[PDB]
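In case you want the letters, here they are:
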Amino acid sequence: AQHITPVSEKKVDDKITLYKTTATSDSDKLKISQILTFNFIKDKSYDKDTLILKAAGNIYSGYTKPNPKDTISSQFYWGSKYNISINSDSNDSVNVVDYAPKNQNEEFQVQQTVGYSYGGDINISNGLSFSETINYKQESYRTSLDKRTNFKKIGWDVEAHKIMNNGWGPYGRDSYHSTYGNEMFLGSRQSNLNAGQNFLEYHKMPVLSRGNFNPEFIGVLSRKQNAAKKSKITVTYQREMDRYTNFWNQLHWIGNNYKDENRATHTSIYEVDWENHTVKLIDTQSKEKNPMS
């Protein structure tokens, strides 16, 4: 589906006014949904517009359940990395000027506030005039900024880092053991069960691996009031999936984890009218490289 709310206008004081529009789009097939809050700040003291864009919603992990009948080898997809990107195009006077979360973060819950001050300053503080917050869980995962970020594009990756398995670990995507391989989701080294049963219990896996990630990210963009009034914003939500496998070699079990075996993406492109504080959908596209049952 897709929907854009009418612009709503709120005075923040006598110099500052907020014009808020919320754009939504989703792909039901991929279970990715975007909820984009466009907070346009117009400050009578400052000659640039400021957009504090919050990107929230849901990205399913893409986990697939293994079949318990699988005898001496089995496999499943899991959600190993999520990427959210925002890029600005078609107006050289629009720049990404701040964002949260910043730097890198392995906290179990990322909680920050983005505040606007009279005059144009933006301040980012830890924890929960105008401000907007992000709050999201990522146990076992860690958030890092896209290392190609610049004034036209920002993004964040949330990647599996420290996965525990019944007390063993932490395991990463490329964990290595010369006997047992990558044992991140292996149930036991010597099980008599079928392969499709010899994995870590679903509920003991991280929520981000087998459930849904609920991103909350903020990009802050500025635009000079005396320059062009339209621009394009593209917001992309992606999951990358690994394939975890196990195999009985006649003496013991081994695990393997093959990185980046599939990706599913949902992308929306908006035309932003900075003068009227409005966004209009130009397109959405949903894609997935290599689905598996």
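Here, every reference points to the structure presented above.
Described in the following lines is the structure provided in the data block. (Residues numbered from 1 in each chain as written, not as in the entry; some residues may be left out. Heavy atoms only, no water.)

Some thoughts on the sheet that holds strand β19 (residues 253–273)
Across the sheet, seven strands lie side by side as β8-β12-β13-β6-β18-β19-β20; this open sheet has antiparallel pairing. Lying at the two open borders of the sheet, with one neighbouring strand each, are β8 (104–105) and β20 (278–288). When strand β12 (residues 141–145) meets strand β13 (residues 153–160), the two strands line up antiparallel, connected through five bridges. The partner of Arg142 across the bridge, within β13, is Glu159. (Pairing = 2+ DSSP bridges. Helix = DSSP H or I, 4+ residues; strand = E, 2+ residues; numbered from the N terminus.)

Points about the packing of aromatic side chains
Counted under the stated rule, the structure contains 18 aromatic pairs. Pairing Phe76 with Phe185 gives two aromatic rings, centres 5.8 Å apart and planes at 45°, and the pair type is tilted. You can call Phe76 buried: its relative accessible area is 1%. Among the aromatic residues, ring-to-ring pairing joins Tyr63, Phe76, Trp78, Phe185, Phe199, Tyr202 and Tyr244 into one connected group. A cation sits over an aromatic face here: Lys102 above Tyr99, 5.0 Å from the ring centre. One cation-aromatic arrangement involves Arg210 over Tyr202; the distance from NZ or CZ to the ring centre is 4.9 Å. (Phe/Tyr/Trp six-rings, centres within 6.5 Å; stacked < 30°, edge-to-face > 60°. Buried < 20%, exposed > 50% of the residue type's maximum accessible area, 1.4 Å probe, protein only. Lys NZ or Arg CZ within 6 Å of the ring centre and 35° of its normal.)

What to know about a positive patch on the surface
Taken together, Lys11, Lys15, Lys42 and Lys44 make up a surface patch of like positive charges. Mapped onto the secondary structure, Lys11 falls in strand β2 (residues 8–11). (Patch = residues over 30% accessible without salt bridge, like charges linked within 9 Å, V, L, I, M, F, W, Y side chains within 5 Å. Areas by Shrake-Rupley, 256 points an atom, 1.4 Å probe, with all protein chains shown as cover. Salt bridge = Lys/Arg side-chain N within 4 Å of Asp/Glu carboxyl O. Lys, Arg positive; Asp, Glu negative; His and termini not counted. Charge placed at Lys NZ, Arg CZ, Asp CG, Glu CD.)

With respect to the pattern of salt bridges
Taken as a whole and assessed by the stated rule, the structure comprises 19 salt bridges. For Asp28, the salt bridge identified is with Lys31, shortest N-O distance 3.7 Å. Relative accessible area serves as the criterion here: at 54%, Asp28 is assigned to the exposed category. Between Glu106 and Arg142 there is a salt bridge; the shortest N-O distance is 2.4 Å. Among the ionic contacts, a cluster of salt bridges with common partners joins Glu159, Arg173, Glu240, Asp242, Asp260 and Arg263.

Topic: the side chain of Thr234
Assignment of secondary structure puts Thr234 in strand β18 (residues 230–248). Every residue in contact with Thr234, bar those within four places of it in the chain, is listed here: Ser85, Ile86, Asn87, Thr267, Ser268 and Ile269. (Contact = heavy atoms within 4.5 Å.)

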